2 protein chains.
Amino acid sequence: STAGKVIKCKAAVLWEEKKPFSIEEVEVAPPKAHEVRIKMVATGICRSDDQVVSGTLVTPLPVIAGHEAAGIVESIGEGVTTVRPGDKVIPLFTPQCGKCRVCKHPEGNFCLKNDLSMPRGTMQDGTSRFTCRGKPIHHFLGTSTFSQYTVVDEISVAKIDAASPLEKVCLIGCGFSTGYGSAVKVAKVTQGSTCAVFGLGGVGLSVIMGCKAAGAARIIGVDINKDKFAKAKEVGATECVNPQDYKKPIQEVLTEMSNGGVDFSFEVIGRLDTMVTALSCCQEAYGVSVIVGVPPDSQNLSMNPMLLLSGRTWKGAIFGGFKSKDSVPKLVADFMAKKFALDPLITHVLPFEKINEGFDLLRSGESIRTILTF
Amino acid sequence: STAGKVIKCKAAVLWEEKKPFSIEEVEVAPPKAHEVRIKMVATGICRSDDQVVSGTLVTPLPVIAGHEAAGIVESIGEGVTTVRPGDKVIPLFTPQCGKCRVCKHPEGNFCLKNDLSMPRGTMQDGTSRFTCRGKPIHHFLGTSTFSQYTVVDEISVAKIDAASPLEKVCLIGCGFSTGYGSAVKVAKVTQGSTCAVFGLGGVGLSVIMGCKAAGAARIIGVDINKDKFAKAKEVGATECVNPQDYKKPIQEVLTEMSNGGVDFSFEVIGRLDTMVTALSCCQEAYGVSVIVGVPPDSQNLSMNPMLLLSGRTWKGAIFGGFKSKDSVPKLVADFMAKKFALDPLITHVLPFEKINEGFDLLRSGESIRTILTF
Ligand SMILES: NC(=O)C1=CN([C@@H]2O[C@H](COP(=O)(O)OP(=O)(O)OC[C@H]3O[C@@H](n4cnc5c(N)ncnc54)[C@H](O)[C@@H]3O)[C@@H](O)[C@H]2O)C=CC1
Ligand SMILES: NC(=O)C1=CN([C@@H]2O[C@H](COP(=O)(O)OP(=O)(O)OC[C@H]3O[C@@H](n4cnc5c(N)ncnc54)[C@H](O)[C@@H]3O)[C@@H](O)[C@H]2O)C=CC1
Ligand SMILES: [Zn+2]
Ligand SMILES: [Zn+2]
Ligand SMILES: [Zn+2]
Ligand SMILES: [Zn+2]
């Protein structure tokens, strides 16, 4: 009988860029029509949430960040049909309305109801469910998972297996699905191909998992932090290279290593220069390069379109190209059936109250995924 | 007999950039091992040849330009197995060695023996078969068709049907195949899709022919020269737009016209700005944009990689992605079988001696293809 009532609970509020989060009481309004209020159980720390703190991923502040999570439905608003109270759910930072031209397209996943392209930091109705110190607080990507309770639109939540371990499957809400799908769905990596993966964090490791699942013969991990190489090899990298070790640009190194360029490359960092390097290192006639990393806000890259004229394909994707609400429950079912592993991404576990310590671990280079438990 | 002897003949020599072609006597050496000497019958004037004159497509000078042609084999060197004297042939500006990693790849066509990436202006053996006034003259793309006779490597020639009309099928050597293949093979335009085509010259009109052949429902032609619109509609454009008629950037106009972005766009001009505009006007989640136009040498474009992160695909191709020696004879057979039309591309037919007048028709906006006859 919190149904229909304001919930007071602890959240991690970001009042200002480049500051620690503030763990303090917020008010969470009850769900309106076609909204769902969720008791959070676990949430991952994704680099994207750090990019909000840095101001390189722009969204209105003050904000409740967090987008990679799982929890249990506390209550549903009028007209909700796809979840019920007590269901295990993953919030969907890329919604799936099922009605727009993108949701109807066989390839498209970047649903037109998204709050990513022109971020408002609201619910679909352009309002906020969060108050803190009597002030309205923004949502983030329609999820806001750094809170003991959040409210999401129905098109931004999926029901998952009632027996799911939420402290693992939260990663299906961002890192795992994004990297894995970038390899298997967006690039469509082929058997016996040579792949290069720039960035060996939680998302790059999931790209290597996808490239190994698709049968790549060679998977070259690229990182300036050599501490990341051991885990990259554990999940399928065949060799790792640190650009800092070489006199020549790493695109020339990777072209040499692959006897004329790789089949597939992935940028999984968020830098303009590595997006161009990753395109250049794929074979000039038939290579494919996928951008996964989030670039610094409003900045343009410079490149020579002759890289494309010879035959390269350049593409990007959100959330591994997966239609979110269709895909997430299937990915959970596949995890439950041991079709892929999440433990290699989880390097640290902390209670929610130690969220700043978890951000310090990511910023130091020491962690892949820290899972926060409520 | 001419076999085994130097031929003295008329060619159009380009001694330096931004000068008219010089019609004069050249000496054409006999073919060496694995070379083919061709009597030219017809050659088209392609914008790429004008870009050599402008200095925006860099190749060593002085040069015999011309790459879109057909002729008859005069003689063969030792070891030639794929053509014989008397055969009708089309020179291949993109070769097909059949042995390199690209030629062996199911998608690749940019054969590693090409003279496009790092142009030397020679035969495969690094020498020239042309002299003029006692000076060696460079080849262009392994073809050099602005000459009564040329010598090509065997991997740069295809045998075609003995009954084909060379004054039309010369366009299968460049413009038609480039535009048609960019639509049907590189973009893989789908039935009922909406396409935008930037540039309505000979290659852009061939892109429209391919989009119509693939069953596109809407084909929007874009040109600053409204005199190009009537012929674009004859070969399948459903509507034409001139960016100069609008207050808003044309990417915004096309996104509005297509109710949120086109399925397929094509840049068929050669400008950095229209390459970015064409990418932007394709739907952000599932759009495909193909670069066909040749950009100005050594210039980089500037773009926001968020255009790709949402889901766009950006790709370019040489020669419509066709593997050149396999494809050109089949395209000629398909033309003989009335599967497509070439007459709509031909606006002017001039004697070879009128090459400069042909180029002035292209520069003035008055022609699509001028065919020069020997
Ligand atoms: N497209 C999408 O849907 C999603 C994109 N993102 C983005 O993916 C990127 C990766 O996220 P995570 O794996 O969580 O981050 P992470 O920070 O854990 O991993 C990035 C890795 O890149 C390495 N790196 C940094 N600079 C480098 C350089 N110059 N050259 C080579 N390696 C370098 C770092 O050492 C680190 O190991 C971030 O930009 C993030 O915002 C994350 C998930 C969703
Ligand atoms: N990728 C490949 O294998 C090939 C590429 N090319 C390139 O394709 C391009 C087109 O070649 P052609 O059709 O022979 O050229 P063309 O000059 O006949 O056609 C170009 C059209 O673009 C239009 N145009 C110029 N500026 C424009 C602007 N700012 N906005 C909109 N329209 C504009 C012109 O009015 C003209 O109708 C050239 O860059 C050529 O070098 C041609 C053939 C093979
Ligand atoms: Zn939708
Ligand atoms: Zn994320
Ligand atoms: Zn080859
Ligand atoms: Zn051409």
# chains A, B, ... in the order shown; residues from 1 in each chain; ligands from 1
call {"tool": "residues_around", "arguments": {"residues": "region 316-318 of chain A", "least_positions_apart": "3", "cutoff": "9 Å", "atoms": "only C-alpha atoms", "output": "number ranges by chain"}}
result
A: 94, 109-110, 178, 182, 186, 289-293, 321-322; B: 285, 305-313
call {"tool": "residues_near_ligand", "arguments": {"ligand": "ligand 5", "cutoff": "9 Å", "atoms": "only C-alpha atoms and all ligand atoms", "output": "VMD selection string"}}
result
chain B and resid 95 to 104 109 to 114 155
call {"tool": "write_last_selection", "arguments": {"atoms": "N, CA, C and O atoms", "output": "short mmCIF file (atom, residue, chain, number, x, y, z; two decimals), in the first residue's frame"}}
result
data_model
loop_
_atom_site.label_atom_id
_atom_site.label_comp_id
_atom_site.auth_asym_id
_atom_site.auth_seq_id
_atom_site.Cartn_x
_atom_site.Cartn_y
_atom_site.Cartn_z
N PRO B 95 40.59 -2.64 -62.46
CA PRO B 95 40.91 -3.98 -62.95
C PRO B 95 40.28 -5.10 -62.12
O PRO B 95 39.64 -4.78 -61.05
N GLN B 96 40.33 -6.32 -62.63
CA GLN B 96 40.00 -7.55 -61.89
C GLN B 96 41.06 -8.60 -62.12
O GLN B 96 40.99 -9.36 -63.10
N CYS B 97 42.06 -8.59 -61.25
CA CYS B 97 43.20 -9.54 -61.38
C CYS B 97 42.70 -10.96 -61.11
O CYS B 97 43.28 -11.96 -61.62
N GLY B 98 41.69 -11.10 -60.24
CA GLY B 98 41.13 -12.40 -59.86
C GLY B 98 41.94 -13.14 -58.80
O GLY B 98 41.49 -14.27 -58.45
N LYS B 99 43.07 -12.58 -58.36
CA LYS B 99 44.03 -13.31 -57.49
C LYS B 99 44.18 -12.64 -56.11
O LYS B 99 44.59 -13.35 -55.19
N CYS B 100 43.90 -11.35 -55.97
CA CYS B 100 44.14 -10.59 -54.72
C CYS B 100 43.00 -10.81 -53.73
O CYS B 100 41.99 -11.41 -54.07
N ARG B 101 43.21 -10.39 -52.50
CA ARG B 101 42.26 -10.67 -51.41
C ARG B 101 40.93 -9.97 -51.74
O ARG B 101 39.84 -10.46 -51.42
N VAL B 102 40.99 -8.84 -52.43
CA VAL B 102 39.74 -8.14 -52.79
C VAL B 102 39.02 -8.92 -53.87
O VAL B 102 37.79 -9.09 -53.79
N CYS B 103 39.71 -9.25 -54.95
CA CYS B 103 39.07 -9.99 -56.04
C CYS B 103 38.43 -11.27 -55.53
O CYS B 103 37.38 -11.67 -56.08
N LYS B 104 39.05 -11.92 -54.52
CA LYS B 104 38.53 -13.19 -53.94
C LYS B 104 37.39 -12.96 -52.96
O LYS B 104 36.66 -13.92 -52.62
N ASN B 109 35.39 -5.05 -54.93
CA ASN B 109 35.70 -4.84 -56.37
C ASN B 109 36.91 -3.94 -56.55
O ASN B 109 37.37 -3.76 -57.71
N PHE B 110 37.44 -3.34 -55.50
CA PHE B 110 38.55 -2.37 -55.66
C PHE B 110 39.87 -3.16 -55.68
O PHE B 110 40.64 -3.24 -54.72
N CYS B 111 40.12 -3.84 -56.79
CA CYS B 111 41.27 -4.77 -56.94
C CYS B 111 42.57 -4.07 -56.58
O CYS B 111 42.77 -2.94 -57.01
N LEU B 112 43.44 -4.76 -55.86
CA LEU B 112 44.71 -4.16 -55.38
C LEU B 112 45.67 -3.78 -56.52
O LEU B 112 46.60 -3.02 -56.21
N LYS B 113 45.40 -4.16 -57.76
CA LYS B 113 46.26 -3.74 -58.89
C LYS B 113 45.80 -2.41 -59.46
O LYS B 113 46.38 -1.95 -60.46
N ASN B 114 44.77 -1.84 -58.89
CA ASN B 114 44.25 -0.55 -59.38
C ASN B 114 45.36 0.50 -59.43
O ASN B 114 46.30 0.47 -58.60
N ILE B 155 44.20 -7.56 -67.34
CA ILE B 155 43.26 -7.48 -66.18
C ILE B 155 42.41 -6.20 -66.26
O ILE B 155 41.44 -6.10 -65.47
#
call {"tool": "atom_distance", "arguments": {"atom1": "CA of residue 40 (chain A)", "atom2": "atom 14 (O, counted along the ligand's line) of ligand 1"}}
result
20.4 Å
call {"tool": "closest_residue", "arguments": {"among": "B:207, B:232, B:73, B:116", "to": "chain A", "atoms": "only C-alpha atoms"}}
result
B:116
call {"tool": "residues_around", "arguments": {"residues": "residue 139 (chain A)", "least_positions_apart": "3", "cutoff": "7 Å", "atoms": "only C-alpha atoms", "output": "PyMOL selection string"}}
result
chain A and resi 63-64+121-122+128+142-144
call {"tool": "write_last_selection", "arguments": {"atoms": "N, CA and C atoms", "output": "compact mmCIF listing (two decimals), in the first residue's frame"}}
result
# COMPACT_ATOMS: atom_id res chain seq x y z
N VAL A 63 20.03 16.11 -12.18
CA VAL A 63 19.53 14.84 -12.79
C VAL A 63 19.75 13.67 -11.83
N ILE A 64 18.87 12.69 -11.97
CA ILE A 64 19.12 11.31 -11.46
C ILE A 64 19.58 10.48 -12.66
N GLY A 121 15.16 15.26 -20.46
CA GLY A 121 15.25 14.78 -19.07
C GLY A 121 13.90 14.75 -18.38
N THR A 122 12.88 14.25 -19.06
CA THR A 122 11.51 14.18 -18.54
C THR A 122 10.97 12.76 -18.82
N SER A 128 8.40 15.71 -14.73
CA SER A 128 9.30 14.93 -13.85
C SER A 128 8.50 14.28 -12.72
N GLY A 142 14.85 8.55 -19.80
CA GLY A 142 13.60 7.87 -19.44
C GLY A 142 13.83 6.71 -18.50
N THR A 143 14.96 6.67 -17.80
CA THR A 143 15.24 5.52 -16.88
C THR A 143 15.54 6.06 -15.47
N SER A 144 16.67 6.67 -15.21
CA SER A 144 17.01 7.23 -13.88
C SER A 144 17.08 6.09 -12.88
call {"tool": "atom_distance", "arguments": {"atom1": "CA of residue 278 (chain B)", "atom2": "CA of residue 299 (chain A)"}}
result
19.4 Å
call {"tool": "residues_around", "arguments": {"residues": "region 11-26 of chain B", "least_positions_apart": "6", "cutoff": "10 Å", "atoms": "only C-alpha atoms", "output": "PyMOL selection string"}}
result
chain B and resi 50-56+58+60-66+129-138+144-150+352-357+359-360
call {"tool": "residues_near_ligand", "arguments": {"ligand": "ligand 2", "cutoff": "7 Å", "atoms": "only C-alpha atoms and all ligand atoms", "output": "number ranges by chain"}}
result
A: 309; B: 46-48, 51, 174-175, 178, 198-204, 222-225, 228, 243, 268-270, 274, 292-295, 317-320, 362, 365, 368
call {"tool": "write_last_selection", "arguments": {"atoms": "N, CA and C atoms", "output": "compact mmCIF listing (two decimals), in the first residue's frame"}}
result
# COMPACT_ATOMS: atom_id res chain seq x y z
N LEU A 309 34.91 6.07 -50.41
CA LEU A 309 34.76 5.87 -51.87
C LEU A 309 35.34 4.52 -52.33
N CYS B 46 33.33 11.87 -69.27
CA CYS B 46 32.85 11.68 -67.87
C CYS B 46 33.37 12.88 -67.08
N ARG B 47 32.65 13.27 -66.05
CA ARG B 47 33.12 14.36 -65.19
C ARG B 47 34.50 14.02 -64.61
N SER B 48 34.81 12.76 -64.31
CA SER B 48 36.13 12.43 -63.74
C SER B 48 37.25 12.90 -64.65
N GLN B 51 37.69 16.45 -64.10
CA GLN B 51 38.36 16.72 -62.79
C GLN B 51 39.88 16.60 -62.94
N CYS B 174 31.79 3.12 -67.65
CA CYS B 174 31.87 3.97 -66.46
C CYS B 174 30.49 4.40 -65.99
N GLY B 175 29.89 5.41 -66.61
CA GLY B 175 28.78 6.14 -66.02
C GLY B 175 27.59 5.26 -65.67
N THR B 178 28.42 2.50 -62.98
CA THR B 178 28.69 3.17 -61.68
C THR B 178 27.36 3.54 -61.00
N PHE B 198 21.49 13.15 -55.34
CA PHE B 198 22.15 14.48 -55.46
C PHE B 198 23.07 14.41 -56.68
N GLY B 199 22.70 15.13 -57.71
CA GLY B 199 23.43 15.22 -58.97
C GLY B 199 22.75 14.42 -60.02
N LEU B 200 22.30 15.11 -61.09
CA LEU B 200 21.48 14.48 -62.16
C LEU B 200 22.25 14.50 -63.48
N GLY B 201 23.55 14.27 -63.45
CA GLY B 201 24.32 14.03 -64.68
C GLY B 201 24.23 12.60 -65.10
N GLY B 202 25.18 12.12 -65.90
CA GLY B 202 25.10 10.78 -66.46
C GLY B 202 25.12 9.71 -65.37
N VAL B 203 25.90 9.93 -64.32
CA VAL B 203 25.97 8.88 -63.27
C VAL B 203 24.71 8.99 -62.38
N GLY B 204 24.28 10.21 -62.04
CA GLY B 204 23.08 10.39 -61.19
C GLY B 204 21.86 9.80 -61.90
N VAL B 222 17.89 15.80 -56.93
CA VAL B 222 18.35 17.09 -56.36
C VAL B 222 19.44 17.61 -57.29
N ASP B 223 19.26 18.79 -57.84
CA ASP B 223 20.30 19.46 -58.64
C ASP B 223 20.11 20.97 -58.54
N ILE B 224 21.19 21.75 -58.59
CA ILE B 224 21.13 23.24 -58.68
C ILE B 224 20.84 23.67 -60.11
N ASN B 225 20.87 22.77 -61.08
CA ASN B 225 20.60 23.10 -62.50
C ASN B 225 19.23 22.50 -62.86
N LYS B 228 18.18 19.94 -65.66
CA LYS B 228 18.43 18.48 -65.55
C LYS B 228 17.17 17.70 -65.12
N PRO B 243 18.04 23.01 -54.43
CA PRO B 243 18.32 23.63 -53.14
C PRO B 243 18.30 25.16 -53.16
N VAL B 268 26.19 12.24 -55.88
CA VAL B 268 26.68 11.93 -57.25
C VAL B 268 27.14 13.24 -57.88
N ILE B 269 27.90 14.00 -57.12
CA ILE B 269 28.42 15.32 -57.54
C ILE B 269 29.94 15.34 -57.37
N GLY B 270 30.38 15.18 -56.13
CA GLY B 270 31.81 15.32 -55.78
C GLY B 270 32.09 16.49 -54.89
N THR B 274 27.79 18.43 -49.96
CA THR B 274 26.67 17.56 -50.38
C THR B 274 26.91 16.13 -49.88
N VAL B 292 29.15 8.47 -54.24
CA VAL B 292 29.58 8.10 -55.62
C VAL B 292 30.50 9.18 -56.15
N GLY B 293 30.21 10.45 -55.87
CA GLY B 293 31.01 11.56 -56.43
C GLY B 293 32.46 11.51 -55.94
N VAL B 294 33.36 12.00 -56.78
CA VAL B 294 34.81 12.04 -56.44
C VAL B 294 35.08 13.38 -55.81
N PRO B 295 35.55 13.37 -54.55
CA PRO B 295 35.84 14.61 -53.84
C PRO B 295 37.16 15.24 -54.32
N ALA B 317 31.63 3.70 -53.12
CA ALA B 317 32.07 2.62 -54.02
C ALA B 317 32.65 3.21 -55.28
N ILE B 318 33.52 2.43 -55.87
CA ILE B 318 34.04 2.69 -57.22
C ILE B 318 33.27 1.78 -58.16
N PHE B 319 32.89 2.29 -59.33
CA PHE B 319 32.32 1.48 -60.44
C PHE B 319 31.12 0.64 -59.94
N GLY B 320 30.27 1.24 -59.09
CA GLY B 320 28.98 0.62 -58.73
C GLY B 320 29.17 -0.68 -57.93
N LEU B 362 29.95 19.75 -71.43
CA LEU B 362 29.78 19.27 -70.04
C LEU B 362 29.90 20.43 -69.05
N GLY B 365 26.85 22.85 -68.51
CA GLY B 365 25.59 22.28 -68.01
C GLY B 365 24.68 21.75 -69.12
N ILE B 368 24.61 15.68 -70.98
CA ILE B 368 24.76 14.54 -70.04
C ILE B 368 26.01 13.83 -70.53
call {"tool": "closest_residue", "arguments": {"among": "A:314, A:93, A:140, A:180", "to": "chain B", "atoms": "only C-alpha atoms"}}
result
A:314
call {"tool": "residues_around", "arguments": {"residues": "residue 90 (chain A)", "least_positions_apart": "4", "cutoff": "9 Å", "atoms": "only C-alpha atoms", "output": "number ranges by chain"}}
result
A: 68-72, 156-160, 166, 169-170, 172-173, 328-329
call {"tool": "select_by_dssp", "arguments": {"residues": "region 32-132 of chain A", "states": "strand (DSSP E or B)", "output": "PDB file with N, CA and C atoms, in the first residue's frame"}}
result
ATOM      1  N   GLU A  35       2.477   4.415 -17.049  1.00  0.00           N
ATOM      2  CA  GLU A  35       3.775   4.531 -16.319  1.00  0.00           C
ATOM      3  C   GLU A  35       3.890   3.388 -15.331  1.00  0.00           C
ATOM      4  N   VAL A  36       5.132   3.122 -14.954  1.00  0.00           N
ATOM      5  CA  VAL A  36       5.486   1.975 -14.091  1.00  0.00           C
ATOM      6  C   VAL A  36       6.452   2.478 -13.056  1.00  0.00           C
ATOM      7  N   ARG A  37       6.188   2.209 -11.781  1.00  0.00           N
ATOM      8  CA  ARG A  37       7.132   2.552 -10.710  1.00  0.00           C
ATOM      9  C   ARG A  37       7.857   1.307 -10.222  1.00  0.00           C
ATOM     10  N   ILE A  38       9.180   1.386 -10.216  1.00  0.00           N
ATOM     11  CA  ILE A  38      10.066   0.204 -10.020  1.00  0.00           C
ATOM     12  C   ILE A  38      10.916   0.393  -8.760  1.00  0.00           C
ATOM     13  N   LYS A  39      10.945  -0.636  -7.911  1.00  0.00           N
ATOM     14  CA  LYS A  39      11.906  -0.772  -6.817  1.00  0.00           C
ATOM     15  C   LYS A  39      13.200  -1.333  -7.418  1.00  0.00           C
ATOM     16  N   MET A  40      14.238  -0.531  -7.410  1.00  0.00           N
ATOM     17  CA  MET A  40      15.504  -0.946  -8.025  1.00  0.00           C
ATOM     18  C   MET A  40      16.195  -1.978  -7.132  1.00  0.00           C
ATOM     19  N   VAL A  41      16.804  -2.968  -7.760  1.00  0.00           N
ATOM     20  CA  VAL A  41      17.570  -4.002  -7.034  1.00  0.00           C
ATOM     21  C   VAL A  41      19.045  -3.899  -7.373  1.00  0.00           C
ATOM     22  N   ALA A  42      19.436  -3.665  -8.626  1.00  0.00           N
ATOM     23  CA  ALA A  42      20.879  -3.554  -8.939  1.00  0.00           C
ATOM     24  C   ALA A  42      21.023  -2.584 -10.110  1.00  0.00           C
ATOM     25  N   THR A  43      22.128  -1.875 -10.159  1.00  0.00           N
ATOM     26  CA  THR A  43      22.454  -0.988 -11.300  1.00  0.00           C
ATOM     27  C   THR A  43      23.952  -0.977 -11.515  1.00  0.00           C
ATOM     28  N   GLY A  44      24.334  -0.988 -12.794  1.00  0.00           N
ATOM     29  CA  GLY A  44      25.727  -0.921 -13.193  1.00  0.00           C
ATOM     30  C   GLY A  44      26.220   0.496 -13.355  1.00  0.00           C
ATOM     31  N   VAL A  63      20.027  16.107 -12.183  1.00  0.00           N
ATOM     32  CA  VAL A  63      19.525  14.838 -12.788  1.00  0.00           C
ATOM     33  C   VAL A  63      19.748  13.674 -11.827  1.00  0.00           C
ATOM     34  N   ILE A  64      18.874  12.689 -11.975  1.00  0.00           N
ATOM     35  CA  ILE A  64      19.118  11.308 -11.456  1.00  0.00           C
ATOM     36  C   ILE A  64      19.578  10.480 -12.661  1.00  0.00           C
ATOM     37  N   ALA A  69      20.217  -1.286 -15.389  1.00  0.00           N
ATOM     38  CA  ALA A  69      19.671  -1.681 -14.086  1.00  0.00           C
ATOM     39  C   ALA A  69      18.627  -2.776 -14.233  1.00  0.00           C
ATOM     40  N   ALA A  70      18.236  -3.306 -13.088  1.00  0.00           N
ATOM     41  CA  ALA A  70      17.075  -4.194 -12.986  1.00  0.00           C
ATOM     42  C   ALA A  70      16.404  -4.011 -11.644  1.00  0.00           C
ATOM     43  N   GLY A  71      15.117  -4.256 -11.645  1.00  0.00           N
ATOM     44  CA  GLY A  71      14.378  -4.147 -10.396  1.00  0.00           C
ATOM     45  C   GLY A  71      13.056  -4.894 -10.463  1.00  0.00           C
ATOM     46  N   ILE A  72      12.167  -4.557  -9.531  1.00  0.00           N
ATOM     47  CA  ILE A  72      10.863  -5.250  -9.323  1.00  0.00           C
ATOM     48  C   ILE A  72       9.750  -4.205  -9.357  1.00  0.00           C
ATOM     49  N   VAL A  73       8.710  -4.382 -10.167  1.00  0.00           N
ATOM     50  CA  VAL A  73       7.589  -3.413 -10.253  1.00  0.00           C
ATOM     51  C   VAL A  73       6.926  -3.251  -8.887  1.00  0.00           C
ATOM     52  N   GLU A  74       6.846  -2.022  -8.434  1.00  0.00           N
ATOM     53  CA  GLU A  74       6.114  -1.673  -7.184  1.00  0.00           C
ATOM     54  C   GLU A  74       4.667  -1.356  -7.525  1.00  0.00           C
ATOM     55  N   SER A  75       4.362  -0.644  -8.608  1.00  0.00           N
ATOM     56  CA  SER A  75       2.968  -0.326  -8.967  1.00  0.00           C
ATOM     57  C   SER A  75       2.906   0.046 -10.441  1.00  0.00           C
ATOM     58  N   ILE A  76       1.735  -0.060 -11.037  1.00  0.00           N
ATOM     59  CA  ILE A  76       1.521   0.303 -12.460  1.00  0.00           C
ATOM     60  C   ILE A  76       0.446   1.382 -12.506  1.00  0.00           C
ATOM     61  N   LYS A  88       9.819  -8.846 -12.314  1.00  0.00           N
ATOM     62  CA  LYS A  88      11.228  -8.431 -12.548  1.00  0.00           C
ATOM     63  C   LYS A  88      11.269  -7.732 -13.900  1.00  0.00           C
ATOM     64  N   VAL A  89      11.938  -6.572 -13.898  1.00  0.00           N
ATOM     65  CA  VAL A  89      11.974  -5.709 -15.104  1.00  0.00           C
ATOM     66  C   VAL A  89      13.359  -5.123 -15.294  1.00  0.00           C
ATOM     67  N   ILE A  90      13.673  -4.860 -16.561  1.00  0.00           N
ATOM     68  CA  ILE A  90      14.829  -4.011 -16.954  1.00  0.00           C
ATOM     69  C   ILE A  90      14.307  -2.763 -17.638  1.00  0.00           C
ATOM     70  N   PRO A  91      14.690  -1.586 -17.110  1.00  0.00           N
ATOM     71  CA  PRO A  91      14.375  -0.310 -17.771  1.00  0.00           C
ATOM     72  C   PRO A  91      15.118  -0.229 -19.105  1.00  0.00           C
ATOM     73  N   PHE A 130      10.265  13.319  -9.964  1.00  0.00           N
ATOM     74  CA  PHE A 130      11.291  13.433  -8.899  1.00  0.00           C
ATOM     75  C   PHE A 130      11.340  14.860  -8.361  1.00  0.00           C
ATOM     76  N   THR A 131      11.328  14.964  -7.037  1.00  0.00           N
ATOM     77  CA  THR A 131      11.524  16.210  -6.275  1.00  0.00           C
ATOM     78  C   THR A 131      12.643  15.935  -5.272  1.00  0.00           C
ATOM     79  N   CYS A 132      13.490  16.918  -5.025  1.00  0.00           N
ATOM     80  CA  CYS A 132      14.572  16.798  -4.027  1.00  0.00           C
ATOM     81  C   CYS A 132      14.782  18.191  -3.434  1.00  0.00           C
TER      82      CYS A 132
END
call {"tool": "closest_residue", "arguments": {"among": "A:209, A:163, A:118, A:83", "to": "chain B", "atoms": "only C-alpha atoms"}}
result
A:118
call {"tool": "closest_residue", "arguments": {"among": "B:233, B:272, B:206, B:120", "to": "residue 302 (chain A)", "atoms": "only C-alpha atoms"}}
result
B:272
call {"tool": "closest_residue", "arguments": {"among": "A:106, A:210, A:192, A:31", "to": "residue 340 (chain A)", "atoms": "only C-alpha atoms"}}
result
A:210
call {"tool": "closest_residue", "arguments": {"among": "B:179, B:85, B:108, B:236", "to": "chain A", "atoms": "only C-alpha atoms"}}
result
B:108
call {"tool": "atom_distance", "arguments": {"atom1": "CA of residue 77 (chain B)", "atom2": "CA of residue 10 (chain B)"}}
result
22.3 Å
call {"tool": "select_by_dssp", "arguments": {"residues": "region 112-356 of chain B", "states": "helix (DSSP H, G or I)", "output": "VMD selection string"}}
result
chain B and resid 154 to 156 166 to 173 175 to 187 202 to 213 226 to 234 243 to 245 250 to 257 272 to 281 306 to 309 319 to 321 324 to 336 343 to 345 352 to 356
